[PDB]
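What follows is one structure encoded as structure tokens, with my remarks underneath.
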Protein chains: 2
Amino acid sequence: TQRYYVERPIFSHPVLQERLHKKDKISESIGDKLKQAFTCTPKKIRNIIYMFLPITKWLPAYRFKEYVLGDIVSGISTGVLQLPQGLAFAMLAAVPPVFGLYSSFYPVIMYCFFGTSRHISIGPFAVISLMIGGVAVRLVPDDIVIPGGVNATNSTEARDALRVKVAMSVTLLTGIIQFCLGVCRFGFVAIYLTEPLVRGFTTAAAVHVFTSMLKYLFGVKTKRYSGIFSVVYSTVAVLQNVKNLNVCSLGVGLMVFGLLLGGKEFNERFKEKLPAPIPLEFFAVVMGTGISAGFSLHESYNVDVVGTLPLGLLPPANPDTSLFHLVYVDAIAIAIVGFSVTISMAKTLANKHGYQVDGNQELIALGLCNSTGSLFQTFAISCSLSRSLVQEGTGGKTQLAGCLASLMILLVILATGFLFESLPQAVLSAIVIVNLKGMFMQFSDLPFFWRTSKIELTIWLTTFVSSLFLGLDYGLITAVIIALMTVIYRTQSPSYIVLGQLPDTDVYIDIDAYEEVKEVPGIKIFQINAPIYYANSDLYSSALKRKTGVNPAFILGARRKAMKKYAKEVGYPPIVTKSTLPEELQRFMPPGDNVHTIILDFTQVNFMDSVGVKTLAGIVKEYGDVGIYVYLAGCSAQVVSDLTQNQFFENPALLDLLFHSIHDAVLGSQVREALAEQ
Amino acid sequence: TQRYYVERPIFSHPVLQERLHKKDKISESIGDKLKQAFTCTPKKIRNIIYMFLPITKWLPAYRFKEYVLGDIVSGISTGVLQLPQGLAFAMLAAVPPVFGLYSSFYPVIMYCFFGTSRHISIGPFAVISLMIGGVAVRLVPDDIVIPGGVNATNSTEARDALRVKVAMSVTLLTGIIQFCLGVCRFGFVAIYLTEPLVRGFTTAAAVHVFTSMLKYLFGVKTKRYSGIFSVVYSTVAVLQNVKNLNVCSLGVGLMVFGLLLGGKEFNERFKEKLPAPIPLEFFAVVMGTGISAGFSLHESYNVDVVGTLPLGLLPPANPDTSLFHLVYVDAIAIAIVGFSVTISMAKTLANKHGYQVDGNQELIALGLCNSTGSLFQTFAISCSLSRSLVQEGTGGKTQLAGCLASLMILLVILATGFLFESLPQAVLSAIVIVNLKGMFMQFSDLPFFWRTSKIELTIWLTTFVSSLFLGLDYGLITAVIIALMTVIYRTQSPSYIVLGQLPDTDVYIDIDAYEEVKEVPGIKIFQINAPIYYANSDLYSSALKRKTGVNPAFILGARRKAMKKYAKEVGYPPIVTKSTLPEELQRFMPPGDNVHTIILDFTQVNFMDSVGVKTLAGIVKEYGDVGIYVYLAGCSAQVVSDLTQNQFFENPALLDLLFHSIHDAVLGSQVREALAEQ
């Protein structure tokens with residue numbers, strides 16, 4: 001009770017206004033830096049070169065004597081992990097693996113040339129390109145290509161080249177739109193994608209891909225289906241075709257999968273410093289190819305296989321404007337959605353170390369990567385998670401050996417072509433399924449958010465379900481829409497609370513939560529913790545009337561009833577704001593409360609609008625007509641301006657209805673009542 | 001300086017917490033009123049009957065000796081005005097006028113049976129039904145109907161019946177969806193449509209209809225065009241076809257229009273009590289028909305005409321489910337959009353007198369009206385503005401003679417059929433163009449909003465332009481989307497202001513606006529007037545760092561530079577929140593400011609989320625690591641809960657970082673500094 005002594009005069013609005021003067025702070029050419037920019041200063045040019053090219057400044061900063069070795073081992077490990085994942089994803093998107101290797105190779109060096117993140121991976125998604133191949137199959141049948149005179153019995157390479165072409169088209173579209181959007185300084189557009197939304201989205205995608213690799217584990221072939229409920233159709237078709245599968249395929253897949261989990265668990269039991277990360281994928285692939293060569297795991301057992309690798313560089317084939325118009329006409333939505341996923345994933349992965357990274361810069365860098373790749377016969381690209389978890393778990397922070405991993409895979413795409421034609425698909429399916437562990441453990445958020453709140457759980461469940469059932473593009477877009485809608489909903493249902501003054505103090509708290517605060521007689525206090533705009537005004541008015549229990553409508557009606565019942569015989573603009581009491585000391589007083597002023601707390605109201613101003617004017621006019629005073633709380637500049645600009649401050653007297661604190665309003669009302677005693 | 005004496009102990013968080021206890025207030029069966037509802041009490045049943053049927057209670061309340069006469073004259077005037085408008089709109093939507101009369105007649109009595117507003121009109125729009133007829137023309141050509149063996153040369157009645165059928169279908173759809181949506185207690189969905197949006201939308205519609213009636217003034221026929229840029233095509237086609245028009249048609253139209261404006265202006269110059277409202281439409285129609293009969297204003301002059309009226313009652317033809325599926329498959333969007341326009345217009349017109357009106361109730365009442373009409377071969381319905389402006393300007397508040405106006409038009413639709421076959425279209429076009437005066441004067445909002453703000457002008461212009469160029473449905477839907485987006489945008493760009501304490505007081509105001517307040521040395525204050533959620537957190541962090549000028553990144557970097565430069569020779573979980581000073585009294589102090597605590601004002605933060613909590617934790621951890629204290633402002637229950645539920649309140653010490661006022665935080669920090677002096 002020692003400190004916090006105030007003893008202050010009562011500032012309503014005008015007193016504090018007169019206590020102060022104004023400033024200017026403003027010059028000419030506001031925002032018009034062009035008249036002061038545009039010089040040949042070396043500083044601006046060199047800085048522009050710096051921020052469009054970071055490797056210039058990455059050049060010196062490189063440590064040694066263990067930093068080099070850690071970097072190199074990191075790059076080697078990440079490349080050897082990237083390889084089989086590239087193969088698997090290329091097989092996923094229904095393309096010969098050589099183009100998956102092209103994707104694994106070219107954008108890596110492109111990014112190393114352009115990119116500020118110290119950690120990176122390439123090609124974590126093929127499902128959207130899958131849906132694109134589905135649309136292309138919907139365009140041309142899988143067996144009716146050209147009935148000409150080539151005298152080919154049944155070759156499926158033509159449709160495959162078709163799918164490659166459509167992938168090139170969509171990826172060029174994506175890269176170009178990415179350059180276009182990045183150059184406009186939209187490092188902010190990524191912000192609209194929230195953590196729970198991304199979590200649920202990625203989990204749904206993991207489910208989709210697991211369902212897809214189920215069949216390539218089973219060996220039993222099946223026509224692929226895309227579109228709405230695509231997972232449903234594919235799953236039920238596979239379960240129908242369980243009859244007549246390959247038992248040896250399932251056996252080898254299960255054996256290798258179990259061995260891989262056993263190795264990973266055994267390594268994880270001895271996770272010490274001396275044990276360095278071991279590339280399980282490399283052992284998996286070498287043993288798979290060795291066993292395939294040993295026991296003749298091919299047409300000898302009639303099991304599936306990789307097939308011949310077109311070992312050799314391909315010059316960049318020109319994308320000819322023949323049907324690019326028509327194809328992007330219906331590829332636009334898919335391009336932009338797969339886009340938004342990629343950019344969001346990349347940027348959220350960027351914020352790992354306490355380091356600053358430019359947004360639009362990385363956008364443009366990836367745009368160059370994408371356009372160049374698609375011109376080099378390459379599909380879409382982004383950064384896969386676990387790969388940086390390697391670069392970081394390896395301890396290699398720099399990206400040098402990371403991009404050197406591309407030169408490392410260069411030998412495979414240049415030297416070893418016979419080494420890889422013989423290999424099944426179940427092995428790759430096992431690889432990806434094992435990789436899916438973290439995404440499948442992402443489910444922990446359900447009880448956590450359940451205990452946490454309702455809104456974030458709602459968004460997570462809705463985006464997950466929509467992405468699962470419907471296509472990925474539709475799921476994402478509806479998720480974003482509802483994400484922006486939840487904010488409106490939250491501002492639709494605020495917490496209307498009536499205050500109660502803590503005794504002999506100036507703090508005001510809700511009454512019905514503590515059974516220790518009491519309310520000052522004859523006054524009422526009403527607080528809304530949400531801005532007042534068009535969609536939220538009438539709720540506020542009605543809630544106020546029904547919560548203060550002072551609804552003037554029935555008050556007036558009961559007054560009329562009482563007066564007519566007591567009635568048994570004959571016995572510049574001077575606009576008054578608050579009417580005097582219409583009562584003439586009758587004896588038919590409607591039992592209830594006697595409140596003489598109402599206090600509207602505005603400490604939470606961030607902004608207003610025309611509709612809010614109209615509603616406030618209505619409230620003021622109504623209560624003054626009844627004969628009840630009202631006051632506001634908080635002479636903030638924004639709200640003062642909002643009232644002023646709108647047709648409110650004609651100052652009949654309304655400037656005399658402001659306060660800069662709740663307590664000031666309380667004291668002022670009490671003083672007015674006291675002065676009323678003549 | 002007399003009043004407002006406080007002398008209060010310093011409540012941070014825990015002190016005020018211990019000062020109070022809690023309550024319960026909660027029983028079982030929360031929200032489960034079903035166990036206490038569901039009885040045979042006459043009260044609930046009678047009230048339900050009351051709120052599903054108001055005319056029961058309208059029955060007694062009816063005044064006399066001038067109230068009857070005013071009501072009757074109001075009803076007669078409104079009917080005689082409704083008639084020609086009904087004719088014009090029916091001609092607008094490309095339908096024989098008899099069905100326009102059906103629309104003018106049946107829903108009126110339906111509404112009188114079901115509806116609580118004392119003022120009403122019917123059938124203010126036909127443009128959406130026009131676009132529907134456009135789609136139907138897009139379905140079947142205007143001249144290729146059935147090449148059979150009927151031996152009819154060229155009759156256009158078949159396509160007209162087709163358009164009537166499609167109108168019936170869409171209107172049944174609308175009525176049924178209206179019942180469906182109203183029964184679910186959505187009196188709130190109308191709230192999303194704001195005043196400026198509706199203003200711009202209605203103005204755009206007025207422009208469209210004026211463009212449409214241009215040709216029917218010109219007499220020069222033209223194939224009608226709908227869709228995107230529809231106004232553009234129709235306008236340019238008419239201006240191309242200006243050659244070979246009918247001069248007599250234009251002459252009579254201009255003469256009658258000028259005479260009508262002259263009469264209206266002359267009446268408005270003598271707007272006194274004794275002059276009662278005169279129905280200008282009635283004089284217009286009678287003189288038009290008289291002159292048409294006199295000088296043979298028909299095929300004698302080859303000018304246009306109304307044509308024969310199918311005088312007679314039509315039994316309700318059954319809507320057969322033959323192509324209803326296919327037609328609503330692409331009529332859904334148009335139905336729902338024309339819907340939303342109608343409901344919004346009706347409800348906003350309801351709030352005229354200080355009276356309460358139920359929303360979902362009126363929704364269901366209009367749904368019955370619409371379904372019954374569409375079953376009786378009737379198109380869509382709503383309330384036109386000026387008509388109630390008549391009912392009110394006439395002074396007739398009750399709706400009795402208003403619905404009796406339907407019985408008044410009954411004579412025309414039953415007795416006078418020869419009286420109206422002979423009449424041109426330019427007269428009706430003049431009627432509607434004259435009616436458009438208020439909608440065309442709605443343009444005044446442009447400079448008003450220009451001086452007012454930017455957001456509402458933005459929304460008004462955008463909705464107006466989109467409705468003009470594109471179709472009405474597209475314009476409306478994009479307007480609603482951007483309307484909900486502007487709120488997000490407003491929360492994206494708050495007003496970051498740094499406070500300055502008013503001397504020897506406890507009020508804190510922005511420094512750089514008044515050049516009279518000063519800041520307390522060693523402290524800094526930061527206020528955001530917007531909630532902190534996912535889409536708005538990083539903006540807040542970065543703005544804070546760059547505005548307080550205390551960005552710890554460069555502070556740490558400069559500290560490292562200074563230390564290495566001064567370096568020239570060798571000479572339960574105890575988690576500390578704020579680190580001590582890492583400085584060891586060097587001499588290379590980076591020149592700048594010395595601030596020892598930061599104050600985050602939360603009096604505006606309405607709510608938070610997971611991302612906001614993470615960002616706050618990051619800020620706290622960072623600044624404590626640097627060695628800078630921080631504090632919050634406002635121990636509100638909502639924000640306290642938000643921090644608590646999220647992984648924040650493990651109370652290492654964080655409960656000791658709260659305050660219920662800015663001044664409390666200031667004093668507490670000063671006390672901590674003072675106590676630091678040992």
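Each chain in the structure tokens gets a letter, A, B, ..., in the order shown, and its residues are numbered from 1; ligands are numbered from 1 in order too.
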Considering only C-alpha atoms, return as a VMD selection string whatever protein or nucleic-acid residues lie within 10 Å of residue A:589, sequence-local ones (same chain, fewer than 4 positions apart) excluded.
chain A and resid 558 to 559 562 to 563 583 585
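When the distance limit is 6 Å and only C-alpha atoms are what count, the residues near stretch 453-465 of chain B, minus those fewer than 3 positions from it on the same chain, are residues 196, 197, 200, 201, 204, 449, 450, 468 and 479 of chain B.
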Take the residues that were just selected and, keeping N, CA and C atoms, output them as a PDB file, in the first residue's frame.
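Saved to selection.pdb:
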```
ATOM      1  N   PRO B 196     -22.274  -0.136 -47.689  1.00  0.00           N
ATOM      2  CA  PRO B 196     -21.665   0.299 -48.954  1.00  0.00           C
ATOM      3  C   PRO B 196     -21.707  -0.760 -50.032  1.00  0.00           C
ATOM      4  N   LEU B 197     -21.524  -2.021 -49.655  1.00  0.00           N
ATOM      5  CA  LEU B 197     -21.598  -3.093 -50.632  1.00  0.00           C
ATOM      6  C   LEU B 197     -22.957  -3.111 -51.305  1.00  0.00           C
ATOM      7  N   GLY B 200     -23.401  -0.024 -53.704  1.00  0.00           N
ATOM      8  CA  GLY B 200     -22.754  -0.167 -54.996  1.00  0.00           C
ATOM      9  C   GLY B 200     -23.404  -1.234 -55.851  1.00  0.00           C
ATOM     10  N   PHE B 201     -23.799  -2.341 -55.229  1.00  0.00           N
ATOM     11  CA  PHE B 201     -24.447  -3.414 -55.964  1.00  0.00           C
ATOM     12  C   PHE B 201     -25.735  -2.936 -56.617  1.00  0.00           C
ATOM     13  N   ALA B 204     -25.070  -0.628 -59.546  1.00  0.00           N
ATOM     14  CA  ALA B 204     -24.670  -1.358 -60.743  1.00  0.00           C
ATOM     15  C   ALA B 204     -25.876  -1.993 -61.415  1.00  0.00           C
ATOM     16  N   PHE B 449     -17.037   8.880 -48.918  1.00  0.00           N
ATOM     17  CA  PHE B 449     -16.096   7.869 -48.466  1.00  0.00           C
ATOM     18  C   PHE B 449     -14.663   8.262 -48.768  1.00  0.00           C
ATOM     19  N   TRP B 450     -14.438   8.999 -49.852  1.00  0.00           N
ATOM     20  CA  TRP B 450     -13.092   9.455 -50.162  1.00  0.00           C
ATOM     21  C   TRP B 450     -12.524  10.279 -49.020  1.00  0.00           C
ATOM     22  N   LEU B 468     -20.774  -4.524 -62.459  1.00  0.00           N
ATOM     23  CA  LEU B 468     -21.014  -3.948 -63.775  1.00  0.00           C
ATOM     24  C   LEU B 468     -20.493  -4.861 -64.871  1.00  0.00           C
ATOM     25  N   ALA B 479     -17.485  -9.748 -54.236  1.00  0.00           N
ATOM     26  CA  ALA B 479     -17.620  -8.662 -53.279  1.00  0.00           C
ATOM     27  C   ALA B 479     -17.652  -9.193 -51.856  1.00  0.00           C
TER      28      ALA B 479
END
```
Show which residues sit within 6 Å of stretch 119-135 of chain B, as a PyMOL selection string. Count only C-alpha atoms, and ignore same-chain residues fewer than 2 positions away.
chain B and resi 89+93+117+137-138+163+226+381-384+387-388
Taking the DSSP secondary structure from the backbone, can you list the residues of stretch 3-113 of chain B that are alpha helix (DSSP H), as a PyMOL selection string?
chain B and resi 14-18+42-52+55-58+67-92+97-113
I'd like the interatomic distance between atom CA of residue A:299 and atom CA of residue A:158, to a tenth of an Å.
23.3 Å
